[PDB]
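> One file: coords12.pdb (PDB, C-alpha atoms and all ligand atoms).
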```
ATOM      1  CA  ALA A   1     -18.750  -8.832   2.304
ATOM      2  CA  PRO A   2     -19.951  -5.591   3.841
ATOM      3  CA  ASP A   3     -21.127  -2.736   1.611
ATOM      4  CA  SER A   4     -18.548  -0.458   3.187
ATOM      5  CA  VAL A   5     -15.282  -1.079   5.041
ATOM      6  CA  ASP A   6     -12.899   1.528   6.487
ATOM      7  CA  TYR A   7      -9.964   0.154   8.437
ATOM      8  CA  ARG A   8      -9.082   3.621   9.745
ATOM      9  CA  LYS A   9     -12.199   3.345  11.936
ATOM     10  CA  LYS A  10     -10.834   0.168  13.583
ATOM     11  CA  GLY A  11      -7.341   1.577  14.220
ATOM     12  CA  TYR A  12      -5.588  -0.642  11.622
ATOM     13  CA  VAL A  13      -3.922   2.241   9.739
ATOM     14  CA  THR A  14      -0.930   4.293  10.855
ATOM     15  CA  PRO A  15      -0.535   8.024  10.059
ATOM     16  CA  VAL A  16       0.133   9.076   6.494
ATOM     17  CA  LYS A  17       3.855   9.144   5.675
ATOM     18  CA  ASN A  18       5.914  11.165   3.230
ATOM     19  CA  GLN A  19       8.387   9.232   1.089
ATOM     20  CA  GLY A  20      10.274  12.510   0.424
ATOM     21  CA  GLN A  21      12.932  12.450  -2.348
ATOM     22  CA  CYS A  22      12.811   8.708  -2.935
ATOM     23  CA  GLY A  23      10.694   6.539  -5.255
ATOM     24  CA  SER A  24       9.899   4.176  -2.376
ATOM     25  CA  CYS A  25       6.079   4.109  -2.634
ATOM     26  CA  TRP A  26       6.307   0.296  -2.845
ATOM     27  CA  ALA A  27       7.982   0.169   0.590
ATOM     28  CA  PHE A  28       5.269   2.374   2.132
ATOM     29  CA  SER A  29       2.518   0.266   0.512
ATOM     30  CA  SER A  30       4.198  -2.902   1.808
ATOM     31  CA  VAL A  31       4.651  -1.666   5.382
ATOM     32  CA  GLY A  32       1.048  -0.387   5.445
ATOM     33  CA  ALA A  33      -0.274  -3.890   4.591
ATOM     34  CA  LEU A  34       2.073  -5.415   7.213
ATOM     35  CA  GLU A  35       0.982  -2.853   9.833
ATOM     36  CA  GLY A  36      -2.666  -3.805   9.287
ATOM     37  CA  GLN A  37      -1.946  -7.508   9.788
ATOM     38  CA  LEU A  38       0.191  -6.795  12.868
ATOM     39  CA  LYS A  39      -2.704  -4.836  14.403
ATOM     40  CA  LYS A  40      -5.143  -7.631  13.597
ATOM     41  CA  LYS A  41      -2.833 -10.286  15.116
ATOM     42  CA  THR A  42      -1.668  -8.397  18.226
ATOM     43  CA  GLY A  43      -3.749  -5.270  19.012
ATOM     44  CA  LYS A  44      -0.688  -3.073  18.427
ATOM     45  CA  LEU A  45      -0.649  -0.297  15.844
ATOM     46  CA  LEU A  46       2.894   0.773  15.052
ATOM     47  CA  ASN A  47       5.077   2.114  12.282
ATOM     48  CA  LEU A  48       7.129  -0.588  10.523
ATOM     49  CA  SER A  49      10.303   0.310   8.601
ATOM     50  CA  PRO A  50      10.078   1.249   4.908
ATOM     51  CA  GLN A  51      13.862   1.951   5.097
ATOM     52  CA  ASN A  52      14.562  -1.701   6.013
ATOM     53  CA  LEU A  53      12.818  -2.604   2.750
ATOM     54  CA  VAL A  54      14.490   0.107   0.632
ATOM     55  CA  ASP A  55      17.956  -0.941   1.857
ATOM     56  CA  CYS A  56      17.511  -4.721   1.918
ATOM     57  CA  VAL A  57      15.052  -5.905  -0.751
ATOM     58  CA  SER A  58      17.693  -6.600  -3.389
ATOM     59  CA  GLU A  59      15.093  -7.709  -6.008
ATOM     60  CA  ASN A  60      13.726  -4.133  -5.971
ATOM     61  CA  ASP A  61      15.627  -0.936  -6.909
ATOM     62  CA  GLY A  62      15.409   1.029  -3.650
ATOM     63  CA  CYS A  63      14.453   4.630  -4.493
ATOM     64  CA  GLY A  64      14.031   3.674  -8.192
ATOM     65  CA  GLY A  65      10.933   1.575  -7.624
ATOM     66  CA  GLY A  66       9.922  -1.947  -6.790
ATOM     67  CA  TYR A  67       7.167  -4.488  -6.264
ATOM     68  CA  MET A  68       5.331  -5.175  -3.019
ATOM     69  CA  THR A  69       5.386  -8.952  -3.539
ATOM     70  CA  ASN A  70       9.244  -8.788  -3.571
ATOM     71  CA  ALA A  71       9.040  -6.959  -0.227
ATOM     72  CA  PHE A  72       6.769  -9.544   1.381
ATOM     73  CA  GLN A  73       9.025 -12.344   0.109
ATOM     74  CA  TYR A  74      12.035 -10.575   1.671
ATOM     75  CA  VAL A  75      10.338 -10.137   5.048
ATOM     76  CA  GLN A  76       9.481 -13.862   5.042
ATOM     77  CA  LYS A  77      12.994 -14.999   4.069
ATOM     78  CA  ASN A  78      14.564 -12.451   6.462
ATOM     79  CA  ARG A  79      12.443 -13.769   9.339
ATOM     80  CA  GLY A  80      11.209 -10.251  10.082
ATOM     81  CA  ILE A  81      10.988  -6.532   9.499
ATOM     82  CA  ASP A  82      12.185  -3.819  11.872
ATOM     83  CA  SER A  83      10.111  -1.048  13.434
ATOM     84  CA  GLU A  84      10.458   2.495  12.065
ATOM     85  CA  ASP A  85      11.912   3.463  15.456
ATOM     86  CA  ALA A  86      14.658   0.794  15.159
ATOM     87  CA  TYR A  87      15.372   1.408  11.450
ATOM     88  CA  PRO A  88      14.269   4.960  10.633
ATOM     89  CA  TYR A  89      13.502   6.463   7.250
ATOM     90  CA  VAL A  90      16.210   8.547   5.626
ATOM     91  CA  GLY A  91      14.827   8.844   2.059
ATOM     92  CA  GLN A  92      17.841   7.462   0.221
ATOM     93  CA  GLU A  93      19.031   3.907  -0.213
ATOM     94  CA  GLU A  94      21.801   2.855   2.157
ATOM     95  CA  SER A  95      23.523  -0.456   2.921
ATOM     96  CA  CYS A  96      21.334  -3.113   4.536
ATOM     97  CA  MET A  97      21.728  -2.866   8.284
ATOM     98  CA  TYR A  98      21.186  -5.495  10.953
ATOM     99  CA  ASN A  99      19.611  -4.401  14.257
ATOM    100  CA  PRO A 100      19.750  -7.284  16.792
ATOM    101  CA  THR A 101      16.671  -6.090  18.675
ATOM    102  CA  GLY A 102      14.883  -4.261  15.846
ATOM    103  CA  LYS A 103      12.348  -6.876  14.669
ATOM    104  CA  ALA A 104       8.686  -5.827  15.066
ATOM    105  CA  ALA A 105       6.701  -8.070  12.665
ATOM    106  CA  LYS A 106       7.036 -11.262  10.653
ATOM    107  CA  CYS A 107       5.570 -12.456   7.334
ATOM    108  CA  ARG A 108       4.609 -16.043   6.353
ATOM    109  CA  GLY A 109       4.182 -15.348   2.637
ATOM    110  CA  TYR A 110       1.637 -13.486   0.550
ATOM    111  CA  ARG A 111      -1.334 -13.856  -1.729
ATOM    112  CA  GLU A 112      -2.194 -12.032  -4.930
ATOM    113  CA  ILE A 113      -5.649 -10.951  -5.991
ATOM    114  CA  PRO A 114      -6.878 -12.393  -9.319
ATOM    115  CA  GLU A 115      -5.770  -9.914 -11.991
ATOM    116  CA  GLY A 116      -8.284  -7.226 -12.896
ATOM    117  CA  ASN A 117     -10.948  -8.545 -10.533
ATOM    118  CA  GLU A 118     -12.414  -5.738  -8.438
ATOM    119  CA  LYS A 119     -14.943  -8.048  -6.723
ATOM    120  CA  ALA A 120     -12.015 -10.242  -5.638
ATOM    121  CA  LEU A 121     -10.147  -7.164  -4.374
ATOM    122  CA  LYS A 122     -13.228  -6.085  -2.387
ATOM    123  CA  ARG A 123     -13.576  -9.533  -0.866
ATOM    124  CA  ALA A 124      -9.904  -9.532   0.135
ATOM    125  CA  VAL A 125     -10.096  -6.082   1.729
ATOM    126  CA  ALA A 126     -13.175  -7.211   3.713
ATOM    127  CA  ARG A 127     -11.582 -10.492   4.872
ATOM    128  CA  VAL A 128      -7.952  -9.518   5.410
ATOM    129  CA  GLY A 129      -7.520  -5.820   6.101
ATOM    130  CA  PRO A 130      -5.582  -3.221   4.106
ATOM    131  CA  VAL A 131      -4.301  -4.557   0.753
ATOM    132  CA  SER A 132      -1.306  -3.294  -1.276
ATOM    133  CA  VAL A 133      -2.278  -2.121  -4.767
ATOM    134  CA  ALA A 134      -0.609  -0.575  -7.805
ATOM    135  CA  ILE A 135      -2.109   2.049 -10.082
ATOM    136  CA  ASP A 136      -1.468   4.493 -12.920
ATOM    137  CA  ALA A 137      -0.816   7.708 -10.971
ATOM    138  CA  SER A 138       0.760   9.543 -13.933
ATOM    139  CA  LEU A 139      -2.172  11.875 -14.764
ATOM    140  CA  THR A 140      -2.167  15.458 -13.587
ATOM    141  CA  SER A 141      -5.735  14.910 -12.321
ATOM    142  CA  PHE A 142      -4.432  12.234  -9.919
ATOM    143  CA  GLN A 143      -1.329  14.163  -8.881
ATOM    144  CA  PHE A 144      -3.418  17.240  -8.072
ATOM    145  CA  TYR A 145      -6.403  15.371  -6.573
ATOM    146  CA  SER A 146      -8.219  17.203  -3.750
ATOM    147  CA  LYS A 147     -11.802  15.880  -3.373
ATOM    148  CA  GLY A 148     -14.441  13.475  -4.643
ATOM    149  CA  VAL A 149     -14.319  10.028  -6.157
ATOM    150  CA  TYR A 150     -11.434  10.152  -8.620
ATOM    151  CA  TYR A 151     -12.173   9.004 -12.154
ATOM    152  CA  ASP A 152     -10.302   9.980 -15.320
ATOM    153  CA  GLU A 153     -11.114   8.107 -18.546
ATOM    154  CA  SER A 154      -7.478   8.661 -19.676
ATOM    155  CA  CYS A 155      -6.103   6.529 -16.819
ATOM    156  CA  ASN A 156      -4.200   3.540 -18.207
ATOM    157  CA  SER A 157      -4.854   0.257 -16.349
ATOM    158  CA  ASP A 158      -1.764  -1.209 -18.017
ATOM    159  CA  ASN A 159       0.640   1.536 -16.870
ATOM    160  CA  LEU A 160       1.298   0.579 -13.249
ATOM    161  CA  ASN A 161       3.688   3.172 -11.907
ATOM    162  CA  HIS A 162       2.702   3.914  -8.287
ATOM    163  CA  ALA A 163       2.078   1.767  -5.183
ATOM    164  CA  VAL A 164      -0.514   2.637  -2.557
ATOM    165  CA  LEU A 165      -2.692   0.947   0.098
ATOM    166  CA  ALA A 166      -6.409   0.142  -0.129
ATOM    167  CA  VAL A 167      -7.714   0.622   3.423
ATOM    168  CA  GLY A 168     -11.382   0.181   2.593
ATOM    169  CA  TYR A 169     -14.177   0.844   0.160
ATOM    170  CA  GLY A 170     -17.633   2.340   0.062
ATOM    171  CA  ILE A 171     -19.880   4.792  -1.710
ATOM    172  CA  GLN A 172     -20.021   8.592  -1.709
ATOM    173  CA  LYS A 173     -23.079  10.334  -3.144
ATOM    174  CA  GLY A 174     -23.850   7.279  -5.276
ATOM    175  CA  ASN A 175     -20.249   6.886  -6.527
ATOM    176  CA  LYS A 176     -18.620   3.619  -5.443
ATOM    177  CA  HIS A 177     -15.009   3.988  -4.366
ATOM    178  CA  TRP A 178     -11.816   2.519  -2.932
ATOM    179  CA  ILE A 179     -10.292   4.318   0.086
ATOM    180  CA  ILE A 180      -6.599   4.785  -0.810
ATOM    181  CA  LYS A 181      -3.734   5.772   1.514
ATOM    182  CA  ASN A 182      -0.896   7.477  -0.326
ATOM    183  CA  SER A 183       2.664   8.195   0.924
ATOM    184  CA  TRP A 184       3.087  11.784  -0.240
ATOM    185  CA  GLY A 185       2.314  13.318   3.184
ATOM    186  CA  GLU A 186      -0.873  14.566   4.820
ATOM    187  CA  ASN A 187      -0.678  17.734   2.665
ATOM    188  CA  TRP A 188      -1.389  15.719  -0.475
ATOM    189  CA  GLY A 189      -4.965  14.913  -1.553
ATOM    190  CA  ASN A 190      -7.525  14.675   1.203
ATOM    191  CA  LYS A 191      -5.312  14.548   4.291
ATOM    192  CA  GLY A 192      -3.030  12.120   2.393
ATOM    193  CA  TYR A 193      -5.884   9.977   1.006
ATOM    194  CA  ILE A 194      -7.759   9.620  -2.273
ATOM    195  CA  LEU A 195     -11.113   7.994  -3.037
ATOM    196  CA  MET A 196     -10.714   6.121  -6.352
ATOM    197  CA  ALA A 197     -13.602   4.943  -8.538
ATOM    198  CA  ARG A 198     -14.677   1.363  -7.868
ATOM    199  CA  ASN A 199     -16.471  -0.917 -10.360
ATOM    200  CA  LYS A 200     -15.676   1.473 -13.242
ATOM    201  CA  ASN A 201     -13.872  -1.107 -15.343
ATOM    202  CA  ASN A 202     -10.838  -1.404 -13.072
ATOM    203  CA  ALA A 203     -10.090   2.313 -13.241
ATOM    204  CA  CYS A 204      -6.341   3.099 -13.159
ATOM    205  CA  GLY A 205      -5.552  -0.625 -12.883
ATOM    206  CA  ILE A 206      -6.450  -0.768  -9.165
ATOM    207  CA  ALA A 207      -7.047  -4.556  -9.213
ATOM    208  CA  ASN A 208      -4.172  -5.437 -11.606
ATOM    209  CA  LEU A 209      -1.368  -5.910  -9.057
ATOM    210  CA  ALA A 210      -2.907  -6.248  -5.610
ATOM    211  CA  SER A 211      -1.480  -8.419  -2.850
ATOM    212  CA  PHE A 212      -1.474  -8.877   0.931
ATOM    213  CA  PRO A 213       0.966 -10.457   3.372
ATOM    214  CA  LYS A 214       0.305 -13.561   5.455
ATOM    215  CA  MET A 215       1.116 -13.272   9.156
TER
HETATM  216  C1  LIG B 301       6.803   4.971  -6.103
HETATM  217  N1  LIG B 301       7.353   5.966  -5.566
HETATM  218  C2  LIG B 301       7.201   4.688  -7.486
HETATM  219  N2  LIG B 301       7.915   5.630  -8.159
HETATM  220  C3  LIG B 301       8.346   5.380  -9.419
HETATM  221  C4  LIG B 301       9.115   6.476 -10.148
HETATM  222  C5  LIG B 301      10.296   6.942  -9.322
HETATM  223  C6  LIG B 301      11.254   5.798  -9.077
HETATM  224  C7  LIG B 301       8.071   4.134  -9.995
HETATM  225  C8  LIG B 301       7.365   3.169  -9.246
HETATM  226  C9  LIG B 301       6.984   1.823  -9.775
HETATM  227  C10 LIG B 301       5.794   1.266  -9.305
HETATM  228  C11 LIG B 301       5.367   0.026  -9.759
HETATM  229  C12 LIG B 301       4.060  -0.516  -9.257
HETATM  230  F1  LIG B 301       4.039  -0.529  -7.963
HETATM  231  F2  LIG B 301       3.082   0.247  -9.687
HETATM  232  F3  LIG B 301       3.809  -1.701  -9.723
HETATM  233  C13 LIG B 301       6.127  -0.666 -10.701
HETATM  234  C14 LIG B 301       7.324  -0.131 -11.158
HETATM  235  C15 LIG B 301       8.079  -0.906 -12.204
HETATM  236  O1  LIG B 301       8.045  -0.406 -13.297
HETATM  237  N3  LIG B 301       8.660  -2.091 -12.026
HETATM  238  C16 LIG B 301       9.346  -2.780 -13.150
HETATM  239  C17 LIG B 301       8.300  -3.087 -14.235
HETATM  240  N4  LIG B 301       8.780  -4.087 -15.196
HETATM  241  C18 LIG B 301      10.137  -4.639 -15.153
HETATM  242  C19 LIG B 301       7.843  -4.520 -16.230
HETATM  243  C20 LIG B 301       8.717  -2.785 -10.746
HETATM  244  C21 LIG B 301      10.153  -2.921 -10.308
HETATM  245  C22 LIG B 301      11.007  -1.827 -10.400
HETATM  246  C23 LIG B 301      12.337  -1.963 -10.014
HETATM  247  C24 LIG B 301      12.788  -3.185  -9.528
HETATM  248  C25 LIG B 301      11.933  -4.269  -9.431
HETATM  249  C26 LIG B 301      10.604  -4.140  -9.826
HETATM  250  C27 LIG B 301       7.743   1.120 -10.717
HETATM  251  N5  LIG B 301       6.941   3.483  -8.006
END
```
Let's see the structure in the file written out as structure tokens.
Ligand SMILES: *C(#N)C1=NC([C][C][C])=[C]C(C2=[C]C(C(F)(F)F)=[C]C(C(=O)N([C][C]N([C])[C])[C]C3=[C][C]=[C][C]=[C]3)=[C]2)=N1

Amino acid sequence: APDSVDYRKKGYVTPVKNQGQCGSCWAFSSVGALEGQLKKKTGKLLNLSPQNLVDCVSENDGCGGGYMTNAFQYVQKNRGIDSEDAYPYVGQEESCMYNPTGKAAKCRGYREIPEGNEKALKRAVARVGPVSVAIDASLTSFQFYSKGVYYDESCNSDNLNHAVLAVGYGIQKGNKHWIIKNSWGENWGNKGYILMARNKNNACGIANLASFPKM
């Protein structure tokens, strides 16, 4: 695998979104992974619909949280996911709507990364594209991140409470990192992104619940 990967440089990553008043991080993480695969398959970069997932993935709890694997499974069973334009984001759970011409991507299943294995996560990011990951984002140091390679020894790898998207990896001034796209707007972190410590004993649980969709 390469030493450094950044899918933003290849045009595989859409603009940073803002989930607003809804605990729908999982839907943003899921659509980000789908968007990367759609770009890889077709050449098209476009916004897929987190709202379609919030409203329709009945195994998840809409604005009260969810898993990305449940989302991928839904998109597969549903035979598609709508574009953002067809099924726009409203930031509250509503009834599941059917748009006859709304479909913009499909999913053929998913794979999970071996639990806790950062080398395996790296290899998947290199081979596949952006990968959905879960982390402990509960610390003030994370919430108020602005710069650098984030590491806090108080982060709890077993407290997975936020879903984000690994869009690459690399090294900054000798500190290995994951490049992480959040869904709290461009005004959060570094233009909506955070660099998280890599190969520091699975810091914040970054490799504990990682998955990517098949397309
Ligand atoms: C985002 N946004 C976000 N916000 C909250 C708090 C506001 C609702 C919680 C979560 C969340 C993330 C994750 C993840 F992605 F990190 F893994 C997991 C959960 C969660 O606790 N789940 C249940 C855990 N167990 C039953 C052991 C996942 C879940 C939640 C609801 C329905 C299905 C699955 C929460 N993200």
> So that I can see what lies close to residue 167 (chain A), please list as a list in words the residues with an atom at most 8 Å from it, counting only C-alpha atoms and leaving out residues fewer than 2 positions away in the same chain.
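In the requested form, the answer reads residues 5, 6, 7, 8, 13, 125, 129, 130, 131, 165, 169, 178, 179, 180 and 181 of chain A.
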> Hey, what's within 12 Å of residue 186 (chain A) if we count all atoms listed in the file and toss same-chain stuff fewer than 2 positions away? As a list in words, please?
residues 14, 15, 16, 17, 18, 19, 146, 181, 182, 183, 184, 188, 189, 190, 191, 192, 193 and 194 of chain A
> Using the chain letters and numbers from this file, what does the PyMOL selection byres (((chain A and resi 25) around 12) and not hetatm) select? Give the answer as a ChimeraX atom specification.
/A:16-24,26-32,50-51,53-54,60-68,71,91,132-135,137,161-165,181-185
> Centre and edge lengths of an axis-aligned box around all listed atoms of ligand LIG 301 (chain B), with 5 Å added on each side, are to be given in Å to one decimal, as JSON.

```
{"center_x": 7.9, "center_y": 1.2, "center_z": -10.9, "size_x": 19.7, "size_y": 21.6, "size_z": 20.7}
```
> Determine the nearest neighbour of ligand LIG 301 (chain B) from the options A:83, A:49, A:58, A:141, counting all atoms listed in the file.
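The answer is A:58, which sits nearest to ligand LIG 301 (chain B).
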> Near residue 213 (chain A), within 8 Å and counting all atoms listed in the file, which residues show up once chain neighbours fewer than 5 positions away are dropped, as a PyMOL selection string?
chain A and resi 33-34+37+72+107-111
> Suppose you want the space between CA of residue 122 (chain A) and atom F2 of ligand LIG 301 (chain B); what is it in Å?
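Separating CA of residue 122 (chain A) from atom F2 of ligand LIG 301 (chain B) is a distance of 19.0 Å.
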> Report the distance between atom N1 of ligand LIG 301 (chain B) and CA of residue 214 (chain A) in Å, rounded to one decimal place.
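Separation between atom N1 of ligand LIG 301 (chain B) and CA of residue 214 (chain A): 23.5 Å.
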> Set the distance at 9 Å and use all atoms listed in the file: which residues neighbour residue 150 (chain A) once local chain neighbours fewer than 2 positions away are removed? I'd like the list as a PyMOL selection string.
chain A and resi 141-142+145+147-148+152+177+194-197
> A:156, A:99, A:70, A:117: which is nearest ligand LIG 301 (chain B), counting all atoms listed in the file?
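Looking only at the distances to ligand LIG 301 (chain B), the closest residue turns out to be A:70.
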> Hey, which of A:115, A:205, A:127, A:176 ends up closest to residue 153 (chain A)? Count only C-alpha atoms.
A:205
> In Å, rounded to a single decimal, give me how far CA of residue 97 (chain A) is from CA of residue 55 (chain A).
7.7 Å
> So which residues touch residue 98 (chain A) within 12 Å, counting only C-alpha atoms, skipping near sequence neighbours fewer than 6 positions away, as a VMD selection string?
chain A and resid 51 to 52 55 to 56 78 80 to 82 86 to 87
> Rank A:106, A:121, A:92, A:59 by their smallest atom-to-atom distance to ligand LIG 301 (chain B), using all atoms listed in the file, and report the top residue only.
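Closest to ligand LIG 301 (chain B), using all atoms listed in the file: A:59.
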